[PDB]
Amino acid sequence: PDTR
Amino acid sequence: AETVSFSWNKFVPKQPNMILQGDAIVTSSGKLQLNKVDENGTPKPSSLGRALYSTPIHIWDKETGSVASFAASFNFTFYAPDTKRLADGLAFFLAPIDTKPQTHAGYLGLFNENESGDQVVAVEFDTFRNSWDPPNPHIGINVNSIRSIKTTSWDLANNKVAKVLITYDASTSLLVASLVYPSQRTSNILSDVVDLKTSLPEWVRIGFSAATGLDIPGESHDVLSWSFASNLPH
Ligand SMILES: *[C@@H]1O[C@H](CO)[C@@H](O[C@@H]2O[C@H](CO)[C@@H](O)[C@H](O)[C@H]2NC(C)=O)[C@H](O)[C@H]1NC(C)=O
Ligand SMILES: *[C@H]1O[C@H](CO)[C@H](O)[C@H](O)[C@H]1NC(C)=O
Ligand SMILES: [Mn+2]
Ligand SMILES: [Mn+2]
């Protein structure tokens, strides 16, 4: 799960 | 045969052989503090700092087609207040003469989600898992992209001294990077091939970029010493  | 070399075991404020960018400063205690930090040591989110060696390095020559070999070594530490939530990381890199900071956070101030802006070659010490990343912190060799062409596991230690050695052999085009924590007696190592001619301009600057996390503090990054030596034969 990558952020932004 | 061109050569250059330098070394030191402290940094020193306002030293004019050093180009600072972003949040970078040199402390009175002689550390290259790459990230913004509050009064007691705690990193601020969306910090990014870079620092370059003043002198451009002649990395390859178009006329003769020859390529430089080189070696870089340095000690670095990090402070993470919460050891289970970490902040992107730190990298050693070569970039164009006029290189400026790129996207921060997970791109480490070195690359961008789009095609590109600079031509960058780097060895990353990556603490946070982005979508392009393998699981767990790692060392990586990055060639014009944040997606490392190869990675290996990196045995983090909060606060402890990491002794890095990075070498490039033009005769094999092999970039090799090793990390050692002498207090832990742990070692890590990585190697892959990289064509400098197709990934960098003839002249580059070398240096460090370190980014903290977007929404979170994560970890600060301090470089304590630095050596480099390079050789461009005919
Ligand atoms: C990595 O580099 C640093 C800085 O050169 C070394 O720490 C310094 O050396 C001695 C350690 O006993 C002290 O007098 C200094 O105050 C230290 N400086 C700083 C800024 O911390 C460190 O020992 C080196 N580690 C290695 C080569 O393993
Ligand atoms: C999103 O935030 C996290 C910290 O929570 C990391 O900094 C991560 O690298 C960020 N994502 C991107 C794409 O920069
Ligand atoms: Mn990452
Ligand atoms: Mn990575």
# chains A, B, ... in the order shown; residues from 1 in each chain; ligands from 1
$ residues_around --residues "residue 14 of chain B" --least-positions-apart "4" --cutoff "12 Å" --atoms "only C-alpha atoms" --output "ChimeraX atom specification"
/B:18-20,24-28,30,32
$ residues_near_ligand --ligand "ligand 1" --cutoff "7 Å" --atoms "only C-alpha atoms and all ligand atoms" --output "list in words"
residues 9, 10, 29, 30, 31, 75, 161, 163, 182, 224 and 225 of chain B
$ write_last_selection --atoms "C-alpha atoms" --output "PDB file, in the first residue's frame"
ATOM      1  CA  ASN B   9      36.476  12.882   8.554  1.00  0.00           C
ATOM      2  CA  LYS B  10      34.568  16.002   9.627  1.00  0.00           C
ATOM      3  CA  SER B  29      29.704  19.159  15.656  1.00  0.00           C
ATOM      4  CA  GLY B  30      30.870  18.479  12.080  1.00  0.00           C
ATOM      5  CA  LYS B  31      27.915  16.454  10.709  1.00  0.00           C
ATOM      6  CA  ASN B  75      29.955   6.984   7.342  1.00  0.00           C
ATOM      7  CA  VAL B 161      27.363   4.069  12.240  1.00  0.00           C
ATOM      8  CA  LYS B 163      30.469   2.452   6.850  1.00  0.00           C
ATOM      9  CA  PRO B 182      30.938  -2.442  12.754  1.00  0.00           C
ATOM     10  CA  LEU B 224      29.798  12.055   9.047  1.00  0.00           C
ATOM     11  CA  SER B 225      32.776  11.517   6.683  1.00  0.00           C
TER      12      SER B 225
END
$ interface_residues --of "chain B" --to "chain A" --cutoff "9 Å" --atoms "only C-alpha atoms" --output "CSV table (one decimal) with N, CA, C and O atoms, in the first residue's frame"
chain,number,residue,atom,x,y,z
B,129,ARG,N,8.6,1.3,2.1
B,129,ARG,CA,8.2,0.5,1.0
B,129,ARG,C,7.1,1.2,0.1
B,129,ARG,O,6.0,1.2,0.4
B,130,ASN,N,7.6,1.7,-1.1
B,130,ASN,CA,6.7,2.2,-2.1
B,130,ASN,C,6.2,1.1,-3.0
B,130,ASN,O,6.6,-0.1,-2.8
B,131,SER,N,5.3,1.4,-3.9
B,131,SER,CA,4.7,0.4,-4.8
B,131,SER,C,5.7,-0.3,-5.7
B,131,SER,O,5.6,-1.5,-6.0
B,132,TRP,N,6.8,0.4,-6.0
B,132,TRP,CA,7.9,-0.2,-6.9
B,132,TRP,C,8.9,-0.9,-6.1
B,132,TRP,O,9.9,-1.4,-6.7
B,214,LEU,N,6.6,11.9,3.8
B,214,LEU,CA,5.6,13.0,3.4
B,214,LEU,C,4.8,13.4,4.7
B,214,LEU,O,4.9,14.5,5.1
B,215,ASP,N,4.0,12.5,5.2
B,215,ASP,CA,3.1,12.8,6.4
B,215,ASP,C,3.7,12.5,7.7
B,215,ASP,O,3.2,12.9,8.7
$ residues_near_ligand --ligand "ligand 3" --cutoff "6 Å" --atoms "only C-alpha atoms and all ligand atoms" --output "JSON, numbers by chain"
{"B": [88, 106, 126, 128, 129, 130, 133]}
$ write_last_selection --atoms "N, CA, C and O atoms" --output "compact mmCIF listing (two decimals), in the first residue's frame"
# COMPACT_ATOMS: atom_id res chain seq x y z
N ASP B 88 11.48 6.99 3.89
CA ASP B 88 12.07 7.01 2.56
C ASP B 88 13.54 6.66 2.48
O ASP B 88 13.83 5.55 2.03
N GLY B 106 9.46 9.39 -1.25
CA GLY B 106 9.92 8.16 -1.86
C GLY B 106 10.78 8.23 -3.11
O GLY B 106 11.38 7.22 -3.49
N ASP B 126 17.13 2.64 1.37
CA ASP B 126 15.72 2.89 1.28
C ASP B 126 15.00 2.27 2.46
O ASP B 126 15.03 1.06 2.62
N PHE B 128 11.50 2.95 3.36
CA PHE B 128 10.07 2.79 3.24
C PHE B 128 9.64 2.10 1.96
O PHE B 128 10.21 2.35 0.88
N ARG B 129 8.62 1.26 2.09
CA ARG B 129 8.16 0.45 0.97
C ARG B 129 7.14 1.16 0.08
O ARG B 129 5.96 1.25 0.42
N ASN B 130 7.61 1.66 -1.06
CA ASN B 130 6.72 2.20 -2.07
C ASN B 130 6.21 1.08 -2.96
O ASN B 130 6.62 -0.06 -2.82
N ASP B 133 8.80 -0.91 -4.76
CA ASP B 133 9.85 -1.41 -3.90
C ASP B 133 9.66 -2.89 -3.55
O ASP B 133 8.53 -3.38 -3.53
$ closest_residue --among "B:12, B:80, B:72, B:105" --to "ligand 4" --atoms "only C-alpha atoms and all ligand atoms"
B:105
$ closest_atom_pairs --of "chain B" --to "ligand 2" --cutoff "12 Å" --atoms "only C-alpha atoms and all ligand atoms" --output "Markdown table"
| residue | atom | partner | partner_atom_place_in_ligand_line | distance |
| --- | --- | --- | --- | --- |
| B:44 | CA | ligand 2 | 7 (O) | 11.6 |
| B:45 | CA | ligand 2 | 7 (O) | 8.2 |
| B:46 | CA | ligand 2 | 7 (O) | 7.7 |
| B:47 | CA | ligand 2 | 7 (O) | 10.0 |
| B:48 | CA | ligand 2 | 7 (O) | 11.0 |
| B:84 | CA | ligand 2 | 5 (O) | 11.2 |
| B:85 | CA | ligand 2 | 5 (O) | 7.5 |
| B:86 | CA | ligand 2 | 4 (C) | 7.2 |
| B:87 | CA | ligand 2 | 7 (O) | 5.6 |
| B:88 | CA | ligand 2 | 9 (O) | 5.4 |
| B:89 | CA | ligand 2 | 9 (O) | 9.1 |
| B:102 | CA | ligand 2 | 14 (O) | 11.7 |
| B:103 | CA | ligand 2 | 14 (O) | 8.0 |
| B:104 | CA | ligand 2 | 14 (O) | 6.7 |
| B:105 | CA | ligand 2 | 14 (O) | 4.3 |
| B:106 | CA | ligand 2 | 9 (O) | 3.4 |
| B:107 | CA | ligand 2 | 14 (O) | 6.2 |
| B:108 | CA | ligand 2 | 14 (O) | 8.4 |
| B:109 | CA | ligand 2 | 14 (O) | 10.2 |
| B:110 | CA | ligand 2 | 14 (O) | 12.0 |
| B:111 | CA | ligand 2 | 14 (O) | 11.0 |
| B:112 | CA | ligand 2 | 13 (C) | 9.7 |
| B:113 | CA | ligand 2 | 13 (C) | 8.5 |
| B:126 | CA | ligand 2 | 9 (O) | 9.7 |
| B:127 | CA | ligand 2 | 9 (O) | 9.1 |
| B:128 | CA | ligand 2 | 9 (O) | 6.3 |
| B:129 | CA | ligand 2 | 9 (O) | 7.2 |
| B:130 | CA | ligand 2 | 9 (O) | 5.9 |
| B:131 | CA | ligand 2 | 13 (C) | 8.0 |
| B:132 | CA | ligand 2 | 13 (C) | 9.6 |
| B:133 | CA | ligand 2 | 9 (O) | 10.2 |
| B:146 | CA | ligand 2 | 13 (C) | 10.5 |
| B:210 | CA | ligand 2 | 7 (O) | 11.7 |
| B:211 | CA | ligand 2 | 7 (O) | 8.2 |
| B:212 | CA | ligand 2 | 7 (O) | 6.6 |
| B:213 | CA | ligand 2 | 7 (O) | 3.4 |
| B:214 | CA | ligand 2 | 7 (O) | 4.1 |
| B:215 | CA | ligand 2 | 5 (O) | 5.1 |
| B:216 | CA | ligand 2 | 5 (O) | 5.2 |
| B:217 | CA | ligand 2 | 4 (C) | 7.9 |
| B:218 | CA | ligand 2 | 4 (C) | 7.3 |
| B:219 | CA | ligand 2 | 7 (O) | 10.4 |
$ residues_around --residues "residue 122 of chain B" --least-positions-apart "6" --cutoff "7 Å" --atoms "only C-alpha atoms" --output "list in words"
residues 91, 92, 93, 94, 141, 142 and 143 of chain B
$ closest_residue --among "B:223, B:95, B:194, B:90" --to "ligand 4" --atoms "only C-alpha atoms and all ligand atoms"
B:90
$ residues_around --residues "residue 65 of chain B" --least-positions-apart "6" --cutoff "12 Å" --atoms "only C-alpha atoms" --output "number ranges by chain"
B: 59, 170, 195-198, 202, 232-234
$ closest_residue --among "B:147, B:62, B:100, B:36" --to "ligand 4" --atoms "only C-alpha atoms and all ligand atoms"
B:147
$ residues_around --residues "residue 181 of chain B" --least-positions-apart "6" --cutoff "12 Å" --atoms "only C-alpha atoms" --output "PDB file with C-alpha atoms, in the first residue's frame"
ATOM      1  CA  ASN B  75      29.955   6.984   7.342  1.00  0.00           C
ATOM      2  CA  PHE B  76      26.229   7.769   7.896  1.00  0.00           C
ATOM      3  CA  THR B  77      23.692   7.462  10.728  1.00  0.00           C
ATOM      4  CA  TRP B 154      19.687  -3.741   4.396  1.00  0.00           C
ATOM      5  CA  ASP B 155      20.155  -4.600   8.129  1.00  0.00           C
ATOM      6  CA  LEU B 156      19.151  -1.204   9.551  1.00  0.00           C
ATOM      7  CA  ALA B 157      20.334  -0.062  12.903  1.00  0.00           C
ATOM      8  CA  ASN B 158      18.902   3.109  14.454  1.00  0.00           C
ATOM      9  CA  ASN B 159      21.634   5.630  15.388  1.00  0.00           C
ATOM     10  CA  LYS B 160      24.547   3.281  14.595  1.00  0.00           C
ATOM     11  CA  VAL B 161      27.363   4.069  12.240  1.00  0.00           C
ATOM     12  CA  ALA B 162      27.115   2.623   8.734  1.00  0.00           C
ATOM     13  CA  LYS B 163      30.469   2.452   6.850  1.00  0.00           C
ATOM     14  CA  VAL B 164      29.666   2.439   3.116  1.00  0.00           C
ATOM     15  CA  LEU B 165      31.986   1.579   0.248  1.00  0.00           C
ATOM     16  CA  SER B 187      27.470  -6.589   6.304  1.00  0.00           C
ATOM     17  CA  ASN B 188      25.413  -6.168   3.127  1.00  0.00           C
TER      18      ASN B 188
END
